[PDB]
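First comes the structure, then the notes that go with it.
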Amino acid sequence: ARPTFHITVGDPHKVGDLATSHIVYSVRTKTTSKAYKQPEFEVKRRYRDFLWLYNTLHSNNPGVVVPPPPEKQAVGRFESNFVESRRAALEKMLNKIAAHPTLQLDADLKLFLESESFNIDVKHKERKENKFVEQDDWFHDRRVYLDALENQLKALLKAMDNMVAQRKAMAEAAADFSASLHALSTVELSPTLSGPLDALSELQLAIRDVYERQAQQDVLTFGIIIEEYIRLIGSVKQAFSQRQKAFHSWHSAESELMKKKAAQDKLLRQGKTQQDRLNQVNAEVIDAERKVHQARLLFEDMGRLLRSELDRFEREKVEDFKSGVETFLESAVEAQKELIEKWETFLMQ
Amino acid sequence: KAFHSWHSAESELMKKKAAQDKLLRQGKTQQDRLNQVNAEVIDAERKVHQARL
Amino acid sequence: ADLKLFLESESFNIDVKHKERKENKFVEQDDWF
Amino acid sequence: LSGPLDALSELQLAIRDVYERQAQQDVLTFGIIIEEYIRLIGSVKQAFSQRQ
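Residue numbers (our numbering), protein chains in the order written: chain Y, 1 to 349; chain F, 1001 to 1053; chain D, 2001 to 2033; chain S, 3001 to 3052.
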């Protein structure tokens, strides 16, 4: 039910130009999930609703994840692709969250997916309105690697940008190389020389297209999967900050404990202590003692949750780049076949 | 005091490590100067390991 | 190593060379001399 | 995992290379031959001038 939540994000009611206009998607939840009311609902959410929503998920789940959002226009234009990315980004975000029972439980989200009126009015409606060193170590080890990996992923991202730019001329080149060959084939009046010139016009126009097409096959596949990760790596950094907070609050609980115990010792070494204050300070001590224990306890299990997540995440990353590598493979082989056919055409001339 | 030295060593190591990585992924540091910082990151670990122990 | 880099990189010996440094009895010896 | 990831290093490059390769393979061939004609053409341009 929780992962068995079925989501189509479709219907790109892409509100026409404003230079910032916001696509509204059907969100059809067909859901056998019993974390979603409707076995089908469609809502028609707009970008803004989701981003917020995404944030809401962020908000209701205290460290408890919130993967990347609907796609950013922070590099996006409003492109079908971009909006698709958004659509996808959601799909993904949603997908996962649904196969995480908790994020899927956000009530706003139930209402959101299962009612069209946007996140907002839903959101009113809902609130009725080892060593200490060894533990620090894994956290720091972790931070640091994925910090390094992040700077790499930022360099790899901009590598992709280059690769798309470096498909251009190339393109402009083979587009004017075709015209060059073509041009003289219309002005030369010798059929059997004009014709071959013409055949070579064909090869270059054909190469231009095939090259340009492959940027959308293989390079864009990698540029999407790299973009996905930087958000998600981004997100466990937000999670990490919740855990350090969890750490901050514990340590405050502990400092509070020591203050109250130190006061008790002082009352004690006056040598006559009223029994009133001995019970009151001690009681508060005991409440502090729980606060410390509970605080340690949740914080411990946040790191444990982070471990379980880290090994999943790590395996995931490999699978994507293999499918990534598969998209490259299909384009490369297709390119060479297409080229044999180009070759054949000018044998027959 | 020993508790004080040991966390001191640990905050100093985390810093040293951090300087190292940022210098590295500046991507404009020769392997000579990297080696000077790296060695010092490893001496800080010994300062943590001896102080904790 | 300079030579590896030298032969296996064109930028000349020089920048390679920065990059690499990360930047017996008395009678018997005297007789051999 | 290191190995494959690295293996993917080799590849990309190997491929890269092949890609890289091709100007030199082909493009260059052409650039030369293109040039050549142009050389004649220049010269016959002269040829003409002589004729004038």
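Idealized CB from N, CA, C, for every residue including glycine.
Which residues in chain F sit within 8 Å of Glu2023 of chain D, going by Cβ to Cβ distance?
-> Taking the third sequence and counting its residues from 1, the one referred to as residue 2023 of chain D is at position 23. Near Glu2023 of chain D (Cβ distances below 8 Å), the residues of chain F are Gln1030, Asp1032 and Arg1033.
Name the chain F residues that come within less than 9 Å of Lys2019 of chain D, Cβ to Cβ?
-> Position 19 of the third sequence, counted from the first residue, corresponds to residue 2019 of chain D. In chain order: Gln1030, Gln1031 and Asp1032.
Relative to the alpha-carbon of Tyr25 of chain Y, which residue among Y:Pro39, Y:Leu57, Y:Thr4 and Y:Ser115 has its alpha-carbon at the smallest distance?
-> Position 25 of the first sequence, counting from 1, holds the residue named residue 25 of chain Y. The residue with the shortest Cα to Cα distance from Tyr25 of chain Y is Y:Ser115.
Classify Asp11 of chain Y as helix, strand or coil using the three-state DSSP reduction.
-> As a working note, residue 11 of chain Y is residue 11 in the first sequence. Three-state result, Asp11 of chain Y: strand.
Start and end residues, alpha helix (DSSP H) containing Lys245 of chain Y | Taking the first sequence and counting its residues from 1, one reaches residue 245 of chain Y at position 245. First-last of the alpha helix (DSSP H) with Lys245 of chain Y: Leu220 to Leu268.
Quick one: does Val187 of chain Y have its CB under 8 Å from some CB of chain S?
-> Residue 187 of chain Y sits at position 187 when you count from the first residue of the first sequence. No, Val187 of chain Y does not count as interfacial toward chain S.
Contact set between the region 313-328 of chain Y and chain S, restricted to residues whose Cβ is under 8 Å from the partner = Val318, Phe321 and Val325
What first and last residue would you give for the alpha helix (DSSP H) that runs through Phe50 of chain Y?
-> Counting from one through the first sequence, the residue named residue 50 of chain Y turns up at place 50. Element bounds for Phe50 of chain Y: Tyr47 to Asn60.
Can you list, in chain order, the residues of its chain whose CB lies under 8 Å from that of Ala246 of chain Y, leaving out five sequence neighbours each side?
-> Against the first sequence, residue 246 of chain Y aligns to sequence position 246. Cβ within range, chain order: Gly63, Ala295, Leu298, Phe299 and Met302.
List the residues of chain Y that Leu3028 of chain S touches, going by C-beta distances under 7 Å, in chain order.
-> For the purposes of this step, residue 3028 of chain S is taken as residue 28 along the fourth sequence, with counting starting at 1. Here the premise fails: no neighbours, minimum Cβ distance about 14 Å.
Nearest-angstrom Cα separation, counted from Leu329 of chain Y out to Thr20 of chain Y | Taking the first sequence and counting its residues from 1, the one referred to as residue 20 of chain Y is at position 20. Taking the first sequence and counting its residues from 1, the one referred to as residue 329 of chain Y is at position 329. Each residue's CA atom was taken as its position, placing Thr20 of chain Y and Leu329 of chain Y some 36 Å apart.
Collapsed DSSP secondary structure at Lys154 of chain Y in the structure displayed = The sequence position of residue 154 of chain Y within the first sequence is 154, counting from 1. In this structure, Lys154 of chain Y counts as helix in the three-state DSSP scheme.
Take the Cβ of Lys1017 of chain F as the centre, count every other Cβ of all protein chains shown within 10 Å, and call the residue buried at 16 or more, exposed below.
-> As a working note, residue 1017 of chain F is residue 17 in the second sequence. By the 10 Å Cβ count, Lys1017 of chain F comes out buried.
For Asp3017 of chain S, which residues of its own chain have a beta-carbon under 6 Å away from its beta-carbon, when the five flanking residues on both sides are left out?
-> Locating residue 3017 of chain S in the fourth sequence gives position 17, counting from the first residue. Excluding its 5 nearest sequence neighbours in each direction, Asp3017 of chain S has no C-beta neighbour in its own chain below 6 Å.
How is the alpha helix (DSSP H) around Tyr211 of chain Y delimited, first residue to last?
-> Against the first sequence, residue 211 of chain Y aligns to sequence position 211. Where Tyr211 of chain Y is concerned, the enclosing alpha helix (DSSP H) stretches over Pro191 to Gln214.
Among the residues of its own chain, which have a CB less than 6 Å from the CB of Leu181 of chain Y, if the five just before and after it don't count?
-> The residue you call residue 181 of chain Y lines up with position 181 of the first sequence. For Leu181 of chain Y, where only same-chain residues beyond five positions count, the Cβ hits under 6 Å are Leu197, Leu200 and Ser201.
From the DSSP output, read off the bridge partner residues of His6 of chain Y.
-> Counting from 1 along the first sequence, the entry for residue 6 of chain Y is found at position 6. Bridge partners of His6 of chain Y: Y:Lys30.
Determine the direct distance from the alpha carbon of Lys37 of chain Y to that of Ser331 of chain Y, and round the result to whole angstroms.
-> What you label residue 331 of chain Y is simply residue 331 of the first sequence in a count that begins at 1. What you label residue 37 of chain Y is simply residue 37 of the first sequence in a count that begins at 1. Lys37 of chain Y has its alpha-carbon roughly 43 Å from the corresponding atom of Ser331 of chain Y.
With DSSP run on the structure shown, which of helix, strand or coil describes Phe41 of chain Y?
-> Reading the first sequence from its first residue, position 41 is the one you call residue 41 of chain Y. Taken through DSSP and simplified to helix, strand or coil, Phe41 of chain Y comes out as strand.
In this structure, what does DSSP give as the bridge partners for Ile23 of chain Y?
-> Along the first sequence, one-based indexing puts residue 23 of chain Y at 23. Answer is Y:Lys14.
Take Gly223 of chain Y as the anchor and find which of Y:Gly324, Y:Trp343, Y:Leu310 and Y:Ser194 has the nearest alpha-carbon.
-> By one-based count along the first sequence, residue 223 of chain Y stands at place 223. Of the candidates Y:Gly324, Y:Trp343, Y:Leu310 and Y:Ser194, the one whose C-alpha sits nearest the C-alpha of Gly223 of chain Y is Y:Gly324.
Does the Cβ of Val318 of chain Y have 16 or more other Cβ atoms within 10 Å, making it buried, or fewer, making it exposed?
-> Here residue 318 of chain Y corresponds to residue number 318 of the first sequence, with the count starting at 1. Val318 of chain Y should be labelled exposed.
When burial is assigned at 16 or more other CB atoms within 10 Å of the CB, is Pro39 of chain Y buried or exposed?
-> Residue mapping note: residue 39 of chain Y aligns to position 39 of the first sequence, counting from 1. With fewer than 16 Cβ atoms within 10 Å of its Cβ, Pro39 of chain Y is classed as exposed.
Do you know whose CA, among Y:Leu310, Y:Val187 and Y:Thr8, lies nearest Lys44 of chain Y's CA?
-> In the first sequence, counting from the first residue as 1, residue 44 of chain Y sits at position 44. Restricting attention to Y:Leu310, Y:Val187 and Y:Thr8, the CA atom closest to the CA of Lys44 of chain Y is found in Y:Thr8.
How would you write the range of the alpha helix (DSSP H) that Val318 of chain Y sits in, first residue to last?
-> Taking the first residue of the first sequence as position 1, residue 318 of chain Y is located at position 318. Taken as a continuous stretch (DSSP letters only), the alpha helix (DSSP H) holding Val318 of chain Y covers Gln275 to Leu347.
Ordered along the chain, which non-local residues of its own chain (more than five positions away) have a Cβ less than 6 Å from that of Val27 of chain Y?
-> Mapped onto the first sequence, residue 27 of chain Y falls at position 27. Excluding sequence neighbours, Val27 of chain Y sits near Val9, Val43, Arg45 and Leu113.
Distance, Cα to Cα, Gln264 of chain Y vs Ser1005 of chain F?
-> Stepping through the first sequence from its first residue, residue 264 of chain Y is reached at position 264. Stepping through the second sequence from its first residue, residue 1005 of chain F is reached at position 5. The alpha-carbon atoms of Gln264 of chain Y and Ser1005 of chain F are separated by roughly 29 Å.
Close Cβ partners of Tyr47 of chain Y (< 7 Å) along its chain, the five nearest in sequence each way excluded | Locating residue 47 of chain Y in the first sequence gives position 47, counting from the first residue. Within the same chain, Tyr47 of chain Y has close Cβ partners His22, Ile23, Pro70 and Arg86.
Can you say whether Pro3 of chain Y is buried or exposed, counting buried as having 16 or more other CB atoms within 10 angstroms of its CB?
-> The residue given as residue 3 of chain Y occupies position 3 in the first sequence. Its Cβ having fewer than 16 others within 10 Å, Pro3 of chain Y is exposed.
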